[PDB]
Amino acid sequence: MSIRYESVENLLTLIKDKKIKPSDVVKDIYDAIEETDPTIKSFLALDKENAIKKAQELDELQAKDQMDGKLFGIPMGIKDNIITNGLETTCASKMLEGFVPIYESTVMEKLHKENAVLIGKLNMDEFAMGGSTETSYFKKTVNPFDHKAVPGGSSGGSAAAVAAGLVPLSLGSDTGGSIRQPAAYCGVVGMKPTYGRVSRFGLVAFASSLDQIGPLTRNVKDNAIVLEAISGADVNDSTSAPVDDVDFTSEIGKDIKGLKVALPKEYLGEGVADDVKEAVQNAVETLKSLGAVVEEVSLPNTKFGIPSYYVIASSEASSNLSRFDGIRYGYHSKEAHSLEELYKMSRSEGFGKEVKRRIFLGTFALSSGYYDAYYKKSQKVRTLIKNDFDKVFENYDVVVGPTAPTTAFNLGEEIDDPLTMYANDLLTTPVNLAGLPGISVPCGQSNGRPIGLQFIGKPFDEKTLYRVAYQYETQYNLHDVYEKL
Amino acid sequence: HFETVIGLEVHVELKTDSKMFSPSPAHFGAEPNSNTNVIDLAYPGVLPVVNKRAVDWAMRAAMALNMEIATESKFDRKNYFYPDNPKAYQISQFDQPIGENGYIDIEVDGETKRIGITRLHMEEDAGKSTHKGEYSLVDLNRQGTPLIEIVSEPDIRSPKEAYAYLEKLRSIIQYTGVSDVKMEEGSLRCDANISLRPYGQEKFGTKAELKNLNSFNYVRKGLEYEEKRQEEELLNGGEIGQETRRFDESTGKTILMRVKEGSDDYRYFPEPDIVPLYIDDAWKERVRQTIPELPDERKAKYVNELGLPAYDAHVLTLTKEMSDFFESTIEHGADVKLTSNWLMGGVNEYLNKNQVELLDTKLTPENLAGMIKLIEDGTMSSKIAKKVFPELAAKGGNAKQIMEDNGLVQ
Amino acid sequence: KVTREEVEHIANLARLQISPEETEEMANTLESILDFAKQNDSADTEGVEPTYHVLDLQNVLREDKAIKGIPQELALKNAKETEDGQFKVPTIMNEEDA
Ligand SMILES: Nc1ncnc2c1ncn2[C@@H]1O[C@H](COP(=O)(O)OP(=O)(O)O)[C@@H](O)[C@H]1O
Ligand SMILES: [Mg+2]
């Protein structure tokens with residue numbers, strides 16, 4: 001626990017300066033986990049033995065003055081729907097319980113390159129579907145700020161573990177807001193980079209046209225640091241953008257005066273609760289108090305976010321999940337007599353209710369006769385949502401608004417009602433559809449539950465989001481709060 | 001009596017080094033599931049990476065068949081569960097086929113008929129499921145091998161025309177060197193479709209896919225057999241409707257193996273994981289200039305320029321390889337007709353009783369021409385010919401050499 | 001709408017097993033989701049192109065160089081039913097037609 005609360009940046013220098021030893025930092029981490037994760041339940045499969053061994057290696061290198069890497073000795077937690085060679089990757093589902101990959105994901109190859117230490121695998125909603133992690137076939141993760149409320153979804157474990165002070169950084173996947181929505185509910189900093197910014201190779205697909213790996217940290221400076229670590233073209237991902245400039249820290253610290261910010265009315269519309277609403281309006285001011293120019297704009301199609309998302313995602317999921325039939329890996333139904341059964345039963349036995357609903361609705365929307373009215377139809381609505389942004393970006397630099405409609409909710413509150421649970425992604429969905437980069441940072445609290453302020457930048461312009469987002473962080477944040485929980 | 005509207009479906013294996021979307025080898029050993037990788041195995045969270053040459057080669061064939069190469073073109077996902085299809089979705093092409101509206105001219109009783117080909121797209125072969133007793137065993141070695149489909153318009157009108165088409169198509173793709181086109185090796189496959197339309201019906205008959213055709217000869221039989229099958233059954237009650245049929249290689253018949261219920265829903269949809277291809281003009285050219293002179297163009301030359309027998313021009317241009325060797329041997333001084341007989345005769349024999357490719361042997365258009373002349377010189381009788389060739393052929397080097405590296409001259 | 005059969009057809013399309021008790025339930029849920037999905041109908045999409053890829057990239061092609069396949073060992077390492085070096089799966093075809 002001792003450094004269990006230090007920030008990546010400080011936990012780095014503190015090692016570079018040789019005050020703390022790599023194996024001790026790791027010794028600290030596990031102490032924290034073992035002492036706090038049984039209550040929080042943010043982690044899943046732990047990799048303590050291989051972590052120590054990795055620290056041990058690092059200590060030697062620490063003596064030989066050969067401490068290379070943008071994250072040397074820094075502990076890291078990964079979302080369980082991200083292939084981690086040789087661990088056990090389950091995407092939080094019966095379907096993959098025991099599944100031990102035989103390849104490494106690119107983000108993983110990369111961090112490892114940067115000498116980050118893999119402490120363990122973080123929990124999430126089974127197959128990235130859901131917004132509270134409650135679906136996790138393994139355990140229910142709670143919110144550090146209130147063990148009674150959900151930590152968000154679907155990278156719930158990813159934000160919880162970080163908010164609980166179990167690691168200085170972690171990775172999540174965002175599809176409808178699966179990285180921000182949580183980063184919000186847990187008052188932590190979460191970023192979803194521009195689609196094509198981080199390889200998807202190694203990421204257990206949900207919605208191929210939407211997914212994207214993003215980092216979660218306790219501060220805007222560390223977050224950015226980590227992104228530099230994982231962003232960048234990849235030969236194993238035809239879709240990763242061949243973009244060179246990966247320096248996201250360069251402009252952090254600079255002022256934002258003159259920075260044209262756009263406050264889309266839709267983002268403070270009906271769905272948004274009152275307390276949250278208030279909080280974001282102040283931010284606007286904490287924003288004007290700074291140099292930024294905040295003028296109201298309009299994103300008319302924002303209301304069609306959730307629906308289209310839901311369809312495009314379920315449809316795509318419908319396909320990206322068909323590969324699970326227990327023949328090459330995963331859950332294999334024993335009561336095996338025919339071939340049809342092998343498929344029908346392994347799947348119906350391995351997937352949870354929610355995951356199976358998606359596929360239903362996903363296979364229906366693509367099915368002959370309904371394709372154009374649902375899938376296609378949706379794909380178009382998506383087109384309209386990118387325009388809402390394009391236009392605006394002709395006159396602005398970034399877009400602001402609350403990250404989530406409300407403050408985190410309770411466990412079991414909206415779990416037994418499908419539709420509603422989805423209504424919380426009203427503010428993140430548009431981002432993914434436009435393939436734009438979004439970042440979340442705390443801007444206030446309510447009943448002790450954090451609220452999330454969001455910045456949606458132009459494509460590949462994350463260096464600017466971190467910029468505008470760092471200034472605000474200097475005026476408000478929960479830095480000195482996580483320590484008291 | 002009635003018309004016999006039928007078209008052919010020829011899948012072609014590209015002989016690239018790596019599979020269609022994966023960097024795995026396209027040529028595999030006997031050992032099962034030893035030529036795979038995370039991608040072919042459909043492990044979770046892997047992605048497809050389009051084989052560049054594949055596309056090159058694909059659009060090259062498309063242009064060989066005179067198709068109209070698309071400008072905008074992307075892949076789609078053909079959804080369906082089956083052991084030898086791990087992703088549960090074969091990547092292929094729905095609306096924008098890399099190739100469209102082509103044609104090849106054949107010759108039927110009397111004059112030339114032009115059969116048009118509707119499309120030609122890129123897919124990925126599936127694994128092989130060996131039926132071993134109660135259970136079946138899955139082998140993915142082959143899984144992901146690049147394929148090009150060639151859907152013929154329903155313009156071919158007989159089991160003999162069918163053969164004609166296939167014989168050309170094959171020959172042509174062959175010259176494109178993108179495949180070996182051998183049904184014996186399954187690098188050329190045909191699914192047929194036959195349906196009888198009483199002369200002057202407009203609406204086509206009712207087709208019945210004809211699986212298990214493993215050779216031109218065979219495709220014929222099945223085709224003509226099924227032609228009768230339904231002919232007569234169309235005199236009785238009968239429909240032979242939306243039905244599939246397998247071909248029994250021994251009896252020579254068509255066995256019904258299913259009956260479509262409506263239309264097989266595959267939920268076709270554009271593969272997001274693969275950015276769209278934009279085939280600029282310069283792309284089309286590069287691959288444009290890579291098409292060698294096709295058979296018909298060569299034969300004509302032979303027949304009306306080199307004063308050669310039409311039959312000869314045939315044999316001599318079945319496969320690009322020889323054809324070339326021929327054309328070179330003659331620009332080397334060798335007699336025109338003499339060259340032809342040695343390729344048809346001598347050479348081919350050698351190639352046969354050694355099952356070696358004409359280019360793996362040790363003779364060259366030059367060293368051959370050298371020997372031919374020696375005959376038209378008188379310096380070497382045809383008696384000596386049958387002796388010097390076999391050696392000069394493979395593991396040889398010069399023509400006179402064997403007359404002195406041994407002992408005979410004049 | 002959304003009739004029992006349709007639920008079974010979908011359930012049949014994707015390979016998911018569903019008995020009745022869950023089918024007349026899925027009849028409602030699907031009915032709802034879809035009622036929800038009807039929302040996009042308020043979005044004016046007359047003559048607007050469908051977005052297939054959000055990233056305007058272009059012509060990402062892999063060089064045709066083969067890379068050795070992984071050992072039969074690994075391919076199989078995560079499959080439960082295997083023999084003779086292959087994946088073992090039933091085959092008396094489709095349930096109530098085979
Ligand atoms: N009634 C028919 N009689 C003969 N040939 C047909 C008939 N209907 C379709 N065909 C041909 O059979 C082939 C199959 O076309 P199609 O069914 O649309 O796709 P696929 O072969 O993949 O099932 C085509 O080449 C088509 O020209
Ligand atoms: Mg096909």
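Method of determination (from the header): X-ray crystallography, 3.3 Å.
Cβ coordinates come from backbone N, Cα and C, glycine included.
Features reported for this protein in Swiss-Prot:
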- A:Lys79: active site, charge relay system (ACT_SITE)
- A:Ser154: active site, charge relay system (ACT_SITE)
- A:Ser178: active site, acyl-ester intermediate (ACT_SITE)
Including all protein chains displayed, how many Cβ atoms other than that of A:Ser154 (active site, charge relay system) lie within 10 Å of its Cβ?
-> 34
Whole-number Å value for how far A:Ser154 (active site, charge relay system) lies from A:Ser178 (active site, acyl-ester intermediate) (Cα to Cα) | 5
Would you identify the secondary structure of A:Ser154 (active site, charge relay system) according to DSSP, in three states?
-> coil
Under 8 Å Cβ-Cβ from A:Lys79 (active site, charge relay system), six or more apart in the same chain: what's there?
-> A:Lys121, A:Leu122, A:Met124, A:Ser155, A:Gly157, A:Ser158, A:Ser170, A:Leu171, A:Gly172, A:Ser173
Cβ atoms near the residue listed as 'active site, acyl-ester intermediate' (within 10 Å, other residues, all chains) | 35
Work out the three-state DSSP category of A:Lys79 (active site, charge relay system).
-> strand
